[PDB]
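Protein chains in written order, with the entry's author numbering: chain 1s, 2 to 84; chain 1j, 4 to 100; chain 1c, 2 to 207; chain 1n, 2 to 61; chain 1u, 2 to 24; chain 1m, 2 to 117; chain 1i, 2 to 128; chain 1g, 2 to 156.
First comes the structure, then the notes that go with it.
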Amino acid sequence: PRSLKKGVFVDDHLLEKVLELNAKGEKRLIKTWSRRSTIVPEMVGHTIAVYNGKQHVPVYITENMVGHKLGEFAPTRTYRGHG
Amino acid sequence: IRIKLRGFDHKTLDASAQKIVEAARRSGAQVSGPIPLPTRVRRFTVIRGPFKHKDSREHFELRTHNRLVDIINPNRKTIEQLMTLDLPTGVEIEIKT
Amino acid sequence: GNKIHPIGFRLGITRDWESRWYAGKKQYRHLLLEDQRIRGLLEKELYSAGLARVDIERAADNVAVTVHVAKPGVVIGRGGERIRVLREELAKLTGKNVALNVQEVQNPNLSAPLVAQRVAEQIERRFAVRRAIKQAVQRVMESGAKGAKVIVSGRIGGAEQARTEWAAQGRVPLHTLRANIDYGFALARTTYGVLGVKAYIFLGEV
Amino acid sequence: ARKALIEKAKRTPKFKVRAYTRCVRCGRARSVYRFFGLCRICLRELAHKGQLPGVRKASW
Amino acid sequence: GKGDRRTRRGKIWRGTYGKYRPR
Amino acid sequence: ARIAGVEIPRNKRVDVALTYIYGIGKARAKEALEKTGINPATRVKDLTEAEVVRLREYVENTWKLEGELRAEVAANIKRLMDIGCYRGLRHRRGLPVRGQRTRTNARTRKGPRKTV
Amino acid sequence: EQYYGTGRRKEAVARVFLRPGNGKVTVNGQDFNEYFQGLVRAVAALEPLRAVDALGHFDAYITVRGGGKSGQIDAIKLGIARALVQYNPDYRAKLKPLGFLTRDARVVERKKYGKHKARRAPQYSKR
Amino acid sequence: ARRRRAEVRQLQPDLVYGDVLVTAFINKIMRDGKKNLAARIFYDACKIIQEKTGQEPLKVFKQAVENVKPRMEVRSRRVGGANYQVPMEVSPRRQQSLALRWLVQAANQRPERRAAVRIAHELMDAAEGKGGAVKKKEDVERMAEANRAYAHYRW
RNA sequence: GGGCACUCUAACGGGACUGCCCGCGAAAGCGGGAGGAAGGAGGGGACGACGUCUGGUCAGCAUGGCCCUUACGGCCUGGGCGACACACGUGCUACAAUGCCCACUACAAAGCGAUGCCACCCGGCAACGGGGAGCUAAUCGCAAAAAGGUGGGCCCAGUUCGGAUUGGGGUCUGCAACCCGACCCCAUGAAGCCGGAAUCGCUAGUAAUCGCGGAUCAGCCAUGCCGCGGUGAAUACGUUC
Ligand SMILES: [Mg+2]
Ligand SMILES: [Mg+2]
Ligand SMILES: [Mg+2]
Ligand SMILES: [Mg+2]
Ligand SMILES: [Mg+2]
Ligand SMILES: [Mg+2]
Ligand SMILES: [Mg+2]
Ligand SMILES: [Mg+2]
Ligand SMILES: [Mg+2]
Ligand SMILES: [Mg+2]
Ligand SMILES: [Mg+2]
Ligand SMILES: [Mg+2]
Ligand SMILES: [Mg+2]
Ligand SMILES: [Mg+2]
Ligand SMILES: [Mg+2]
Ligand SMILES: [Mg+2]
Ligand SMILES: [Mg+2]
Ligand SMILES: [Mg+2]
Ligand SMILES: [Mg+2]
Ligand SMILES: [Mg+2]
Ligand SMILES: [Mg+2]
Numbered sequence: 002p003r004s005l006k007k008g009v010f011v012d013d014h015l016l017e018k019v020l021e022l023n024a025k026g027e028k029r030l031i032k033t034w035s036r037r038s039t040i041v042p043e044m045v046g047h048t049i050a051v052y053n054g055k056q057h058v059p060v061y062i063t064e065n066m067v068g069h070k071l072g073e074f075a076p077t078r079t080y081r082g083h084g
Numbered sequence: 004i005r006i007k008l009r010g011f012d013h014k015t016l017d018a019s020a021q022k023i024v025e026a027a028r029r030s031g032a033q034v035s036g037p038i039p040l041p042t043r044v045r046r047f048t049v050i051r052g053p054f055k056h057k058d059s060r061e062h063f064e065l066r067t068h069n070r071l072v073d074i075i076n077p078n079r080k081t082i083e084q085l086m087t088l089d090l091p092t093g094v095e096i097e098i099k100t
Numbered sequence: 002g003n004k005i006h007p008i009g010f011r012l013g014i015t016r017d018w019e020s021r022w023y024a025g026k027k028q029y030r031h032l033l034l035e036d037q038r039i040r041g042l043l044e045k046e047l048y049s050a051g052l053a054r055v056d057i058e059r060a061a062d063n064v065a066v067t068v069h070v071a072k073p074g075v076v077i078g079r080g081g082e083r084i085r086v087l088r089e090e091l092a093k094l095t096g097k098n099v100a101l102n103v104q105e106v107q108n109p110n111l112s113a114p115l116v117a118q119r120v121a122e123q124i125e126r127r128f129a130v131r132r133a134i135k136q137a138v139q140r141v142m143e144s145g146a147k148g149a150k151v152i153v154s155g156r157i158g159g160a161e162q163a164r165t166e167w168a169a170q171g172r173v174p175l176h177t178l179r180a181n182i183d184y185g186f187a188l189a190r191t192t193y194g195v196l197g198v199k200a201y202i203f204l205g206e207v
Numbered sequence: 002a003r004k005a006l007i008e009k010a011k012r013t014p015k016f017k018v019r020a021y022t023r024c025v026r027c028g029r030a031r032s033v034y035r036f037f038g039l040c041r042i043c044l045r046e047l048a049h050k051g052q053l054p055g056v057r058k059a060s061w
Numbered sequence: 002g003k004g005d006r007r008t009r010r011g012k013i014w015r016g017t018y019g020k021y022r023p024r
Numbered sequence: 002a003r004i005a006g007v008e009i010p011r012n013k014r015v016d017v018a019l020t021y022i023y024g025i026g027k028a029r030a031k032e033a034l035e036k037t038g039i040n041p042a043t044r045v046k047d048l049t050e051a052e053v054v055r056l057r058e059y060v061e062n063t064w065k066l067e068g069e070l071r072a073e074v075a076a077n078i079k080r081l082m083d084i085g086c087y088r089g090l091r092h093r094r095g096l097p098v099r100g101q102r103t104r105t106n107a108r109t110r111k112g113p114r115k116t117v
Numbered sequence: 002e003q004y005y006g007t008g009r010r011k012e013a014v015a016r017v018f019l020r021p022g023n024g025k026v027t028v029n030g031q032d033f034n035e036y037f038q039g040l041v042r043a044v045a046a047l048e049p050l051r052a053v054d055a056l057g058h059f060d061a062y063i064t065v066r067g068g069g070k071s072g073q074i075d076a077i078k079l080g081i082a083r084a085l086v087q088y089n090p091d092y093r094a095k096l097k098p099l100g101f102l103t104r105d106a107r108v109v110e111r112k113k114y115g116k117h118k119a120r121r122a123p124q125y126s127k128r
Numbered sequence: 002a003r004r005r006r007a008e009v010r011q012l013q014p015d016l017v018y019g020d021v022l023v024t025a026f027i028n029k030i031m032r033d034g035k036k037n038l039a040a041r042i043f044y045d046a047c048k049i050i051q052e053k054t055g056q057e058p059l060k061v062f063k064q065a066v067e068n069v070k071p072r073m074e075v076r077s078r079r080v081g082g083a084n085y086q087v088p089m090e091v092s093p094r095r096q097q098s099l100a101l102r103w104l105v106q107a108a109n110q111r112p113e114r115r116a117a118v119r120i121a122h123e124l125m126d127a128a129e130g131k132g133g134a135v136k137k138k139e140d141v142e143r144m145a146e147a148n149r150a151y152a153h154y155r156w
């Protein structure tokens with residue numbers, strides 16, 4: 002996985018948004034295209050309407066899911082099965 | 004005293020590798036016979052057909068024959084006359100000491 | 002859907018290449034384009050002249066171009082004008098010590114491509130397909146030749162049904178390397194389709 | 002959709018990964034070659050045409 | 002073997018070297 | 002269960018015989034044998050009561066094992082299956098997790114094919 | 002004061018020099034059977050000299066290079082009887098019939114295209 | 002084939018007993034073209050057989066094959082609406098081919114663990130007259146005689 | 001030191017012509033011998049007949065015309081081509097002892113290599129990292145080949161067989177490995193005991209089996225493809241099917 006010599010890479014733009022609400026006043030319903038961008042410990046609480054090719058899935062983050070990426074809570078596939 | 008010859012047409016490459024042996028010898032004084040540096044074959048394999056048909060190809064190779072030459076007993080009468088050389092086209096040459 | 006190309010099948014055996022020069026792993030992909038590019042412009046401007054084959058030699062910052070055309074007068078122009086106006090727009094794009102000769106064609110009809118080109122005109126002149134195809138061969142065989150062939154495939158006679166019709170005369174063996182079979186396909190653009198125009202010429206065996 | 006691609010390709014990429022090989026002549030996406038700057042198709046074409054220096058068919 | 006990793010041949014198989022194929 | 006949390010077979014070499022212990026593998030074999038200085042060629046049966054505990058003891062307080070070892074990787078997954086990340090759905094269905102193939106193959110998390 | 006011969010076998014080549022020795026064998030340094038530690042087809046290459054009795058009547062300095070052993074040992078064999086002629090031009094008989102004074106071009110077949118190998122082909126589902 | 006009579010490959014006699022027959026057997030032993038391996042398990046089995054039988058095992062397996070040489074097998078001939086197990090005087094080349102294909106076949110059958118062990122043990126029995134190696138032959142030669150009603154259909 | 005003997009290399013040539021003997025022959029040729037490294041096309045290669053399948057390919061290019069014209073064009077972020085109760089094709093590994101492991105010891109080729117090939121040193125169990133010499137490359141590097149051998153272990157178990165699966169822990173590349181990269185280490189070790197009907201390949205350095213290079217290429221999901229050599233069989237009565 003992503004190097005450690007190479008720090009946790011966030012889009013930086015997705016990143017200003019969050020810290021802009023962390024002290025100035027959270028929270029609002031952002032609609033990120035950022036999936037690469039790891040979840041981060043200034044983002045919990047927020048309602049990052051992450052995108053997935055077609056729409057923005059709201060996913061309120063918590064102290065039980067961050068080390069992953071935003072591409073890991075907005076599914077790209079919808080599969081109720083076969084038959 | 005190194006002189007290197009390089010080209011694709013071995014025939015032309017050779018024909019060159021002779022004059023520079025004929026020449027420097029006359030003016031002198033000592034020259035080391037040509038040595039055919041083995042060939043770096045750059046082959047390329049492409050399917051004949053312009054679409055599928057994996058099973059019918061056609062090879063096309065590239066032959067970079069190479070010839071190295073020297074001048075033991077050098078002499079500038081050799082050198083001077085050397086810069087006056089009508090060496091063919093398909094050939095690159097290098098000279099070292 | 003089979004026959005192997007006769008020129009690549011006689012390179013260094015029966016017929017030597019055109020662009021003559023050796024480049025390293027670094028300039029040779031570039032040289033190719035600069036040479037291909039040249040054959041582009043010439044094939045457009047010399048087209049009227051009757052271009053047959055453009056040899057290219059390189060060396061050091063320079064590059065030698067040979068042009069074999071049966072009618073050198075056109076490409077040259079007054080006192081070399083047309084031929085002299087080509088040594089400027091020439092290096093304009095290529096940009097490097099560039100020469101440009103113009104060899105004299107003993108007989109053009111002994112030039113397969115230069116033969117097929119003509120016919121390709123005629124057909125676009127609405128002539129008789131089956132006619133000239135035979136016409137050319139007689140002209141070739143009268144041209145001291147001992148082997149000639151001309152092939153035409155496509156919507157013949159305007160017809161919706163495609164079709165291949167071709168003629169020959171004398172010896173034209175296609176598995177004989179010791180046998181200079183000149184080659185050359187000229188193409189015809191037509192309101193009603195396109196016509197591939199193939200033509201082979203046995204000039205002799207050494 | 003083509004000539005926009007053949008153009009876009011040549012222009013300098015935003016990132017180097019996005020710089021991507023083509024056939025300057027024909028413009029075939031795949032089976033292209035850096036050594037020549039061509040496609041596999043043209044490769045066999047100018048090859049038989051001999052307009053490919055030093056390179057000939059193979060046989061052994 | 003050839004498929005296994007924690008082994009010389011399995012790594013020889015897949016052209017890598019590690020704790021069981023030392024350079 | 003002469004061995005912490007399980008009875009290892011006998012007439013076989015200690016080093017190897019430990020692998021019949023959840024979370025005890027080759028890489029961990031020599032370690033304790035090295036740490037317990039117990040020659041791996043001697044058979045467990047042939048072991049010494051003192052060796053047994055030394056090879057028992059040290060093995061018992063440097064890693065997790067068996068029960069508490071299955072106890073971890075479950076929650077590690079159940080959480081996933083709670084947060085519902087992609088590896089969660091791949092477990093929430095019983096599907097491949099490491100980008101594996103799904104049109105075919107993967108017949109290990111699908112088990113024998115089920116008729117249609 | 003020396004007898005040298007050359008023998009090849011596949012990609013393998015050998016330069017065999019026969020010398021009036023007890024029967025020792027120097028093949029690229031170490032001893033014959035040392036450089037052949039456990040190869041049954043070993044004592045084969047030595048069969049020529051055995052065809053004319055000369056097993057013990059000589060030592061030989063031996064190089065070998067190209068391909069593997071099986072090609073080498075055979076190539077060895079080749080150059081020795083190759084030599085016996087230069088020490089008995091009448092020794093053709095007693096080798097030629099045996100065939101040891103003969104090289105074979107039983108060489109490889111180039112992997113041919115559309116074939117997995119030079120002959121093996123990919124199976125198919127006809128219908 | 003359809004042209005003429007194929008040729009018989011004459012092999013290079015072994016390097017221990019000077020026999021082509023031996024050279025033939027190792028082949029059947031030789032898997033994946035591992036002659037050194039094959040050559041071992043043989044001359045290895047040649048050792049165990051020596052220890053338990055102090056007669057030159059060269060002769061042993063010189064014998065245990067003739068005992069394996071089948072004289073008559075059956076071959077199916079489907080003349081008209083039926084196929085007939087028409088038996089035929091087996092051929093020499095083939096008989097060696099037949100004997101050379103069950104000893105190993107019956108050796109590989111054998112339950113003992115090491116290669117040279119089995120291969121040898123099949124060597125002995127045939128020298129006596131025991132083992133599935135003799136079984137095939139035995140069964141083969143009599144089904145034929147159990148079908149002696151089709152010799153007129155011979156070829 | 002020197003030396004072209006030799007190995008090797010790459011250009012030019014010799015060489016097999018059924019040309020000599022016996023033989024059945026009308027001739028053409030067939031059998032066999034000797035001589036020759038090699039014999040009756042030397043082994044293979046590239047070489048594809050007028051032609052067939054209204055064969056494939058407007059998605060490489062060309063081009064007939066018809067259709068699209070703030071769109072059926074163009075750039076961009078995300079996302080699919082990697083989905084998944086199933087039904088085939090082509091492979092990888094296997095199910096073991098003529099085997100698996102650990103260590104130790106030799107033997108190729110054709111290739112590739114300048115923000116390339118990476119020596120040697122050092123960090124780390126490692127992938128790898130960091131230093132650093134050398135090579136416009138018959139020098140120098142990738143680089144070790146593996147099967148093999150010499151020793152020791154494994155004693156017939158779903159095992160020291162298999163490495164699927166999953167957790168955990170990182171590298172490296174890349175702006176970015178979430179769907180979606182591979183390399184390294186740990187622990188887990190699933191199915192599988194030679195596979196029904198049916199079916200494939202190969203005739204000699206072939207099949208079998210070991211491994212190695214290169215093109216495509218930032219990395220590459222490659223067990224592929226094209227090539228490269230190593231070791232090395234069985235069998236062909238016959239032509240009914
Ligand atoms: Mg903040
Ligand atoms: Mg009109
Ligand atoms: Mg294992
Ligand atoms: Mg365990
Ligand atoms: Mg060679
Ligand atoms: Mg091979
Ligand atoms: Mg004959
Ligand atoms: Mg176009
Ligand atoms: Mg077009
Ligand atoms: Mg159109
Ligand atoms: Mg886009
Ligand atoms: Mg996408
Ligand atoms: Mg696809
Ligand atoms: Mg199925
Ligand atoms: Mg399949
Ligand atoms: Mg297990
Ligand atoms: Mg299981
Ligand atoms: Mg089961
Ligand atoms: Mg065949
Ligand atoms: Mg590469
Ligand atoms: Mg590979």
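The C-beta atom is built at its ideal place from N, Cα and C for all residues, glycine as well.
Less than 7 Å separating the Cβ of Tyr114 (chain 1i) from some heavy atom of ligand 4?
Not under cutoff, so the answer is no.
Pair every Cβ in the region 63 to 81 of chain 1j with every Cβ in the region 14 to 21 of chain 1j, then say whether three or more of these pairs are closer than 8 Å.
The answer is yes - the region 14 to 21 of chain 1j touches the region 63 to 81 of chain 1j, with three or more Cβ pairs under 8 Å.
Under 8 Å between C-beta atoms, does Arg46 (chain 1j) make it to chain 1i?
No - not a single Cβ of chain 1i is within 8 Å of the one on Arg46 (chain 1j).
Ordered along the chain, which non-local residues of its own chain (more than five positions away) have a Cβ less than 7 Å from that of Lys46 (chain 1m)?
Annotation for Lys46 (chain 1m): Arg11, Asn12 place their beta carbon closer than 7 Å to its own, counting only its chain and skipping 5 residues before and after.
Per DSSP, what are the beta-bridge partners of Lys99 (chain 1j) in this structure?
Within the DSSP secondary-structure output, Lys99 (chain 1j) pairs in a beta bridge with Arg5 (chain 1j).
Note down the Cα distance separating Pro21 (chain 1i) from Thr64 (chain 1i), rounded to an integer number of angstroms.
If I take the Cα positions, the gap works out to 18 Å.
Could you give the distance in angstroms between the alpha-carbon of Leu188 (chain 1c) and the alpha-carbon of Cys27 (chain 1n)?
Their backbone Cα atoms lie some 18 Å apart in a straight line.
Which value, in whole angstroms, describes the spacing of the CA atoms of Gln33 (chain 1j) and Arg43 (chain 1j)?
Whole-angstrom Cα-Cα distance: 29 Å.
Where do the N-terminal and C-terminal ends of the beta strand (DSSP E) with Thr63 (chain 1s) fall, by residue?
In this chain, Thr63 (chain 1s) is not harboured by any beta strand (DSSP E), its DSSP state being neither H nor E.
Does the beta-carbon of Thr33 (chain 1s) have 16 or more other beta-carbons within 10 angstroms, so that it is buried, or is it exposed?
Answer is buried; the Cβ neighbour count reaches 16.
Member of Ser71 (chain 1i), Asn34 (chain 1i), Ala84 (chain 1i) whose CA lies at the smallest distance from the CA of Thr7 (chain 1i):
Distances from the CA of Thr7 (chain 1i) to each of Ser71 (chain 1i), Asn34 (chain 1i), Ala84 (chain 1i) were compared; the closest alpha carbon is that of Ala84 (chain 1i).
Scan the region 93 to 176 of chain 1c and note each continuous beta strand (DSSP E) run of 3 residues or more that stays entirely inside, going in chain order.
Runs of the beta strand (DSSP E) lying entirely within the region 93 to 176 of chain 1c, each at least 3 residues long, are 148 to 154, 165 to 171 in chain order.
Local Cβ density within 10 Å of residue 131 (chain 1j), reported as buried at 16 or more and exposed below that
Nothing about residue 131 (chain 1j) can be read from this structure; chain 1j reaches only from 4 to 100.
Continuous beta strand (DSSP E) stretch holding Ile63 (chain 1i): start and end:
Per DSSP, the unbroken beta strand (DSSP E) holding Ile63 (chain 1i) starts and ends at 60 to 66.
Check whether chain 1i comes within 8 Å of residue 2 (chain 1j), counting only Cβ atoms and requiring the distance to be less than that.
Outside the shown range of chain 1j, which is 4 to 100, sits residue 2 (chain 1j), and nothing can be said about it.
Beta-carbon contacts of residue 1 (chain 1m) that lie in its chain and below 8 Å, excluding the five residues immediately before and after
This structure leaves residue 1 (chain 1m) out entirely; chain 1m is present only between 2 and 117.
Is the beta carbon of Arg104 (chain 1i) sitting closer than 8 Å to the one on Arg42 (chain 1i)?
No Cβ-Cβ contact shorter than 8 Å links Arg104 (chain 1i) with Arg42 (chain 1i).
Against chain 1c, with Cβ distances strictly below 8 Å, would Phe36 (chain 1n) count as a contact?
Judged by the 8 Å Cβ criterion, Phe36 (chain 1n) is in contact with chain 1c.
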